[PDB]
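Just structure37.csv here, CSV, C-alpha atoms and all ligand atoms:
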chain,number,residue,atom,x,y,z
A,2,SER,CA,-5.5,20.9,8.0
A,3,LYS,CA,-6.4,19.4,11.5
A,4,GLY,CA,-5.0,16.0,10.3
A,5,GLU,CA,-1.4,17.1,9.9
A,6,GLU,CA,-0.9,17.5,13.7
A,7,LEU,CA,-1.8,13.8,14.1
A,8,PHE,CA,1.4,12.8,12.3
A,9,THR,CA,4.1,15.0,14.0
A,10,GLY,CA,5.5,12.1,16.0
A,11,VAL,CA,5.7,8.3,15.9
A,12,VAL,CA,2.2,6.7,15.3
A,13,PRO,CA,1.3,3.0,16.0
A,14,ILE,CA,-0.1,1.3,12.9
A,15,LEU,CA,-2.3,-1.8,12.6
A,16,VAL,CA,-3.0,-3.5,9.3
A,17,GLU,CA,-5.7,-6.2,8.7
A,18,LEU,CA,-6.3,-7.9,5.4
A,19,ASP,CA,-8.8,-10.6,4.2
A,20,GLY,CA,-7.9,-11.9,0.8
A,21,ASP,CA,-9.4,-14.4,-1.7
A,22,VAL,CA,-7.2,-15.2,-4.8
A,23,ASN,CA,-8.5,-17.8,-7.3
A,24,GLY,CA,-10.5,-19.4,-4.5
A,25,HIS,CA,-7.6,-19.6,-1.9
A,26,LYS,CA,-8.6,-17.5,1.2
A,27,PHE,CA,-6.2,-16.0,3.6
A,28,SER,CA,-5.7,-13.3,6.2
A,29,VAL,CA,-2.7,-11.0,7.2
A,30,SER,CA,-2.2,-9.0,10.3
A,31,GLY,CA,0.4,-6.3,10.5
A,32,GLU,CA,1.8,-4.1,13.2
A,33,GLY,CA,4.4,-1.4,13.4
A,34,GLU,CA,4.9,2.4,13.3
A,35,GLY,CA,5.1,5.3,11.0
A,36,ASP,CA,7.0,8.6,11.4
A,37,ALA,CA,5.8,11.0,8.7
A,38,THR,CA,8.5,13.6,9.6
A,39,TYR,CA,10.9,11.2,7.9
A,40,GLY,CA,8.5,9.3,5.5
A,41,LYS,CA,9.5,6.2,7.5
A,42,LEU,CA,7.5,3.1,8.0
A,43,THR,CA,8.5,-0.1,9.9
A,44,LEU,CA,6.0,-2.9,9.8
A,45,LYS,CA,5.8,-6.7,10.3
A,46,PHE,CA,3.1,-8.8,8.7
A,47,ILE,CA,2.0,-12.4,9.6
A,48,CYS,CA,-0.2,-14.7,7.5
A,49,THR,CA,-2.5,-15.8,10.3
A,50,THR,CA,-4.2,-18.5,8.2
A,51,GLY,CA,-0.9,-20.4,7.8
A,52,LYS,CA,1.0,-20.3,4.4
A,53,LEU,CA,0.4,-17.3,2.2
A,54,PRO,CA,-1.0,-18.4,-1.4
A,55,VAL,CA,0.5,-15.4,-3.1
A,56,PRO,CA,4.0,-13.9,-3.0
A,57,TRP,CA,4.6,-11.4,-0.2
A,58,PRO,CA,6.0,-8.8,-2.6
A,59,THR,CA,2.6,-8.6,-4.4
A,60,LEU,CA,0.8,-7.4,-1.2
A,61,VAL,CA,3.3,-4.7,-0.1
A,62,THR,CA,1.4,-1.9,-2.0
A,63,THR,CA,-2.0,-3.0,-0.5
A,64,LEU,CA,-0.7,-3.5,3.0
A,68,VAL,CA,-0.8,3.9,4.6
A,69,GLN,CA,0.3,6.9,2.3
A,70,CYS,CA,-0.7,9.3,5.1
A,71,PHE,CA,2.9,8.5,6.4
A,72,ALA,CA,4.5,10.2,3.3
A,73,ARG,CA,6.9,13.0,4.1
A,74,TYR,CA,5.4,16.0,2.3
A,75,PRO,CA,8.0,18.8,2.1
A,76,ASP,CA,6.9,22.0,3.7
A,77,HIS,CA,6.5,23.7,0.3
A,78,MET,CA,4.0,20.9,-0.7
A,79,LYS,CA,2.0,20.6,2.6
A,80,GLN,CA,-1.1,22.0,0.8
A,81,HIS,CA,-1.1,18.9,-1.5
A,82,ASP,CA,-1.3,16.3,1.3
A,83,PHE,CA,-4.8,14.8,0.8
A,84,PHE,CA,-4.0,11.8,2.9
A,85,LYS,CA,-3.5,13.5,6.3
A,86,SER,CA,-6.1,16.1,5.5
A,87,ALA,CA,-8.8,13.3,5.6
A,88,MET,CA,-7.8,12.3,9.2
A,89,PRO,CA,-8.9,11.3,11.8
A,90,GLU,CA,-12.1,10.1,9.9
A,91,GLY,CA,-10.0,8.7,7.1
A,92,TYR,CA,-10.3,7.7,3.5
A,93,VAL,CA,-11.3,4.7,1.4
A,94,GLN,CA,-8.5,3.6,-0.8
A,95,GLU,CA,-9.4,1.4,-3.8
A,96,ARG,CA,-7.2,-0.2,-6.3
A,97,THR,CA,-7.1,-2.5,-9.3
A,98,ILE,CA,-3.7,-4.1,-9.7
A,99,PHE,CA,-3.1,-5.5,-13.2
A,100,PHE,CA,-0.5,-8.3,-13.3
A,101,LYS,CA,0.6,-8.2,-16.9
A,102,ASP,CA,-0.2,-11.5,-18.7
A,103,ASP,CA,-1.9,-12.6,-15.5
A,104,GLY,CA,-4.9,-12.0,-13.1
A,105,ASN,CA,-5.7,-8.9,-11.2
A,106,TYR,CA,-6.2,-7.8,-7.6
A,107,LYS,CA,-9.2,-5.6,-6.6
A,108,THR,CA,-8.8,-4.0,-3.3
A,109,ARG,CA,-10.8,-1.8,-1.0
A,110,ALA,CA,-9.4,-0.5,2.2
A,111,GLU,CA,-10.4,1.9,5.0
A,112,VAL,CA,-7.7,4.0,6.5
A,113,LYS,CA,-8.5,5.8,9.7
A,114,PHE,CA,-7.6,6.4,13.3
A,115,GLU,CA,-9.0,4.2,16.0
A,116,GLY,CA,-7.9,6.1,19.1
A,117,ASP,CA,-4.3,6.9,18.7
A,118,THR,CA,-3.7,4.0,16.3
A,119,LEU,CA,-3.7,4.4,12.5
A,120,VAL,CA,-5.6,1.4,11.0
A,121,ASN,CA,-5.7,0.0,7.5
A,122,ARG,CA,-8.5,-2.6,6.9
A,123,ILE,CA,-8.4,-4.2,3.6
A,124,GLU,CA,-10.5,-6.6,1.4
A,125,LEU,CA,-8.6,-8.1,-1.5
A,126,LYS,CA,-10.0,-10.2,-4.3
A,127,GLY,CA,-7.9,-11.6,-7.0
A,128,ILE,CA,-9.3,-13.3,-10.1
A,129,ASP,CA,-8.0,-14.9,-13.4
A,130,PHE,CA,-4.6,-15.9,-12.2
A,131,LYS,CA,-2.6,-18.7,-13.9
A,132,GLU,CA,-2.2,-21.5,-11.3
A,133,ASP,CA,1.4,-22.0,-12.7
A,134,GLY,CA,1.9,-18.2,-13.2
A,135,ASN,CA,4.5,-16.1,-11.5
A,136,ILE,CA,2.1,-15.3,-8.7
A,137,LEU,CA,0.2,-18.5,-7.9
A,138,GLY,CA,3.4,-20.4,-8.9
A,139,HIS,CA,5.4,-18.4,-6.3
A,140,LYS,CA,8.1,-17.4,-8.8
A,141,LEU,CA,9.0,-14.0,-7.5
A,142,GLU,CA,12.0,-12.8,-5.7
A,143,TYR,CA,11.8,-11.4,-2.2
A,144,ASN,CA,14.0,-8.3,-1.9
A,145,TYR,CA,13.3,-4.7,-2.9
A,146,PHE,CA,11.3,-2.4,-5.1
A,147,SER,CA,11.0,1.3,-5.6
A,148,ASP,CA,8.7,3.5,-7.8
A,149,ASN,CA,6.7,6.7,-8.2
A,150,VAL,CA,3.1,7.0,-7.3
A,151,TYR,CA,1.6,9.7,-9.7
A,152,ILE,CA,-1.2,11.5,-8.0
A,153,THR,CA,-3.9,13.7,-9.4
A,154,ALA,CA,-7.1,15.3,-8.1
A,155,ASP,CA,-10.5,13.8,-8.6
A,156,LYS,CA,-12.8,16.8,-7.8
A,157,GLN,CA,-16.1,14.9,-8.3
A,158,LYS,CA,-15.4,12.3,-5.5
A,159,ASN,CA,-13.7,15.0,-3.5
A,160,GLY,CA,-10.5,12.9,-3.5
A,161,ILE,CA,-7.6,11.7,-5.6
A,162,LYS,CA,-6.6,9.1,-8.2
A,163,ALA,CA,-3.2,7.7,-8.7
A,164,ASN,CA,-1.4,5.3,-11.0
A,165,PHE,CA,2.0,3.6,-11.0
A,166,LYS,CA,3.7,0.5,-12.2
A,167,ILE,CA,5.6,-2.0,-10.1
A,168,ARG,CA,8.4,-4.2,-11.7
A,169,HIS,CA,8.5,-7.3,-9.6
A,170,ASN,CA,11.7,-9.3,-10.1
A,171,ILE,CA,11.2,-12.9,-11.2
A,172,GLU,CA,13.6,-15.5,-9.8
A,173,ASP,CA,16.2,-16.1,-12.6
A,174,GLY,CA,14.4,-13.8,-15.0
A,175,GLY,CA,12.9,-10.5,-16.0
A,176,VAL,CA,10.1,-8.6,-14.4
A,177,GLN,CA,6.5,-9.3,-13.6
A,178,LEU,CA,4.7,-5.9,-14.2
A,179,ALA,CA,1.9,-4.9,-11.8
A,180,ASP,CA,0.0,-1.9,-13.1
A,181,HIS,CA,-1.7,0.0,-10.3
A,182,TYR,CA,-4.9,2.2,-10.6
A,183,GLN,CA,-5.9,3.8,-7.4
A,184,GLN,CA,-8.7,6.0,-6.0
A,185,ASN,CA,-9.1,7.5,-2.6
A,186,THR,CA,-12.2,9.2,-1.2
A,187,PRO,CA,-12.7,10.8,2.2
A,188,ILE,CA,-14.8,9.0,4.7
A,189,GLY,CA,-15.8,12.2,6.6
A,190,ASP,CA,-18.0,15.1,5.6
A,191,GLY,CA,-15.0,17.5,6.4
A,192,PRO,CA,-12.9,19.4,3.9
A,193,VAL,CA,-9.8,17.9,2.4
A,194,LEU,CA,-6.8,19.1,0.4
A,195,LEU,CA,-7.2,18.4,-3.3
A,196,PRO,CA,-3.7,18.3,-4.7
A,197,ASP,CA,-1.9,19.6,-7.8
A,198,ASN,CA,-0.3,16.8,-9.8
A,199,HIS,CA,2.7,15.3,-7.9
A,200,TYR,CA,4.2,12.0,-7.0
A,201,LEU,CA,5.2,9.9,-4.0
A,202,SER,CA,8.7,8.4,-4.4
A,203,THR,CA,8.5,5.1,-2.5
A,204,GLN,CA,11.2,2.5,-1.6
A,205,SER,CA,10.2,-0.8,0.1
A,206,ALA,CA,12.9,-3.2,1.7
A,207,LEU,CA,11.7,-6.7,2.5
A,208,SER,CA,13.3,-9.0,5.1
A,209,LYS,CA,12.7,-11.8,7.5
A,210,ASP,CA,12.7,-12.0,11.3
A,211,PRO,CA,15.2,-14.8,12.0
A,212,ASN,CA,13.2,-15.9,15.1
A,213,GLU,CA,9.8,-16.0,13.4
A,214,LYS,CA,8.5,-19.5,12.3
A,215,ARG,CA,5.1,-18.2,10.9
A,216,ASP,CA,4.9,-17.1,7.2
A,217,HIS,CA,5.7,-13.3,7.5
A,218,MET,CA,7.2,-10.2,6.0
A,219,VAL,CA,9.3,-7.4,7.6
A,220,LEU,CA,9.0,-4.1,5.7
A,221,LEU,CA,11.1,-1.0,6.0
A,222,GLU,CA,9.7,1.7,3.7
A,223,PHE,CA,10.4,5.4,2.9
A,224,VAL,CA,7.8,7.5,1.2
A,225,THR,CA,8.5,11.1,0.1
A,226,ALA,CA,6.2,13.5,-1.9
A,227,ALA,CA,8.0,15.3,-4.8
A,228,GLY,CA,7.5,16.7,-8.4
A,229,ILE,CA,6.7,20.3,-7.3
B,1,K,K,7.6,-15.8,-3.7
Take the structure in this file and express it as structure tokens.
Amino acid sequence: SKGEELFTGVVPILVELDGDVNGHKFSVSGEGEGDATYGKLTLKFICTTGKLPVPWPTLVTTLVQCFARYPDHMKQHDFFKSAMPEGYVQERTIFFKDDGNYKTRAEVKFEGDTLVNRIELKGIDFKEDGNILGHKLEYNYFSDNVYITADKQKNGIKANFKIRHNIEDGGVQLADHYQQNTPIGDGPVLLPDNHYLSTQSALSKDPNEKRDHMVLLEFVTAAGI
């Protein structure tokens, strides 16, 4: 595709989210860079409206799969880069088991030489003393597989996966993800064979930063072919 050549080096990334969860409104801004040669993302997010009303870990997935390392033998299955520079719409429902759900819609595209992810999140039916609104999740690390399949009728893809969010002194808060991506442009895109993205997210803090924030180091690699 044309789009693949946009990712051969280090690309600056901007993320902007507006959220509304059980009536609590909030915004997040993120900056960093992605190096798709290595599947490597480094990002820092700030809650610009003050204190974040959900746990940071629950927003990682929402807050640029075009930075996946696709092995050379799977380059024909890389929908994400094939949609660039015009981009794709990424939409999700995220099902928090025994709790509410997030519904997200994002546009991922280049603005100049900057890869931008603009997101609207709406969360409904959360328990106000639940693990999410009660801030009962650990802040550390999670890893999983994003199972991707073609959706020929929207000229895009679907995916699904499950995140096991660690509960502080406890088990796991499951977060079932259902995803669709559709190209923004009229251009052609690569419709993939079934495969997955193996993704590892490491969360940390900037010792100098007083705002509510999250530092993210993530690796994303396509596999399963
Ligand atoms: K938390």
Kindly compile the residues surrounding ligand K 1 (chain B) within 6 Å, counting only C-alpha atoms and all ligand atoms, and format them as an mmCIF file with C-alpha atoms, keeping the file's coordinate frame.
data_model
loop_
_atom_site.group_PDB
_atom_site.id
_atom_site.type_symbol
_atom_site.label_atom_id
_atom_site.label_comp_id
_atom_site.auth_asym_id
_atom_site.auth_seq_id
_atom_site.Cartn_x
_atom_site.Cartn_y
_atom_site.Cartn_z
ATOM 1 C CA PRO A 56 4.000 -13.900 -3.000
ATOM 2 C CA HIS A 139 5.400 -18.400 -6.300
ATOM 3 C CA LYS A 140 8.100 -17.400 -8.800
ATOM 4 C CA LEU A 141 9.000 -14.000 -7.500
ATOM 5 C CA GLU A 142 12.000 -12.800 -5.700
#
What separation in Å, quoted to one decimal, exists between atom CA of residue 3 of chain A and atom CA of residue 191 of chain A?
10.2 Å
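For residue 40 of chain A, the non-local neighbours within 8 Å, defined as residues at least 3 positions apart in the same chain or in other chains and counting only C-alpha atoms, are residues 35, 36, 37, 71, 72, 73, 222, 223, 224 and 225 of chain A.
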Which residues are close to segment 192-201 of chain A, i.e. within 8 Å by only C-alpha atoms, leaving aside same-chain residues fewer than 6 positions away? Reply as JSON, numbers by chain.
{"A": [2, 72, 80, 81, 82, 83, 86, 87, 149, 150, 151, 152, 153, 154, 155, 156, 159, 160, 161, 224, 225, 226, 227, 228, 229]}
Generate a file of the selected residues that holds C-alpha atoms, formatted as a PDB file, in the frame of the given file.
ATOM      1  CA  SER A   2      -5.500  20.900   8.000  1.00  0.00           C
ATOM      2  CA  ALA A  72       4.500  10.200   3.300  1.00  0.00           C
ATOM      3  CA  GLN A  80      -1.100  22.000   0.800  1.00  0.00           C
ATOM      4  CA  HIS A  81      -1.100  18.900  -1.500  1.00  0.00           C
ATOM      5  CA  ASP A  82      -1.300  16.300   1.300  1.00  0.00           C
ATOM      6  CA  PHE A  83      -4.800  14.800   0.800  1.00  0.00           C
ATOM      7  CA  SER A  86      -6.100  16.100   5.500  1.00  0.00           C
ATOM      8  CA  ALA A  87      -8.800  13.300   5.600  1.00  0.00           C
ATOM      9  CA  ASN A 149       6.700   6.700  -8.200  1.00  0.00           C
ATOM     10  CA  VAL A 150       3.100   7.000  -7.300  1.00  0.00           C
ATOM     11  CA  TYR A 151       1.600   9.700  -9.700  1.00  0.00           C
ATOM     12  CA  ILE A 152      -1.200  11.500  -8.000  1.00  0.00           C
ATOM     13  CA  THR A 153      -3.900  13.700  -9.400  1.00  0.00           C
ATOM     14  CA  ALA A 154      -7.100  15.300  -8.100  1.00  0.00           C
ATOM     15  CA  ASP A 155     -10.500  13.800  -8.600  1.00  0.00           C
ATOM     16  CA  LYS A 156     -12.800  16.800  -7.800  1.00  0.00           C
ATOM     17  CA  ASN A 159     -13.700  15.000  -3.500  1.00  0.00           C
ATOM     18  CA  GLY A 160     -10.500  12.900  -3.500  1.00  0.00           C
ATOM     19  CA  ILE A 161      -7.600  11.700  -5.600  1.00  0.00           C
ATOM     20  CA  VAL A 224       7.800   7.500   1.200  1.00  0.00           C
ATOM     21  CA  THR A 225       8.500  11.100   0.100  1.00  0.00           C
ATOM     22  CA  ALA A 226       6.200  13.500  -1.900  1.00  0.00           C
ATOM     23  CA  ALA A 227       8.000  15.300  -4.800  1.00  0.00           C
ATOM     24  CA  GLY A 228       7.500  16.700  -8.400  1.00  0.00           C
ATOM     25  CA  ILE A 229       6.700  20.300  -7.300  1.00  0.00           C
TER      26      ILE A 229
END
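Here atom CA of residue 133 of chain A stands at a distance of 15.0 Å from atom CA of residue 105 of chain A.
Separating atom CA of residue 95 of chain A from atom CA of residue 171 of chain A is a distance of 26.1 Å.
Comparing the minimum interatomic distances between residue 22 of chain A and each of A:9, A:59, A:38, A:177, counting all atoms listed in the file, we find that A:59 sits nearest.
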For residue 97 of chain A, which of A:44, A:53, A:128, A:18 is the closest residue, counting all atoms listed in the file?
A:128
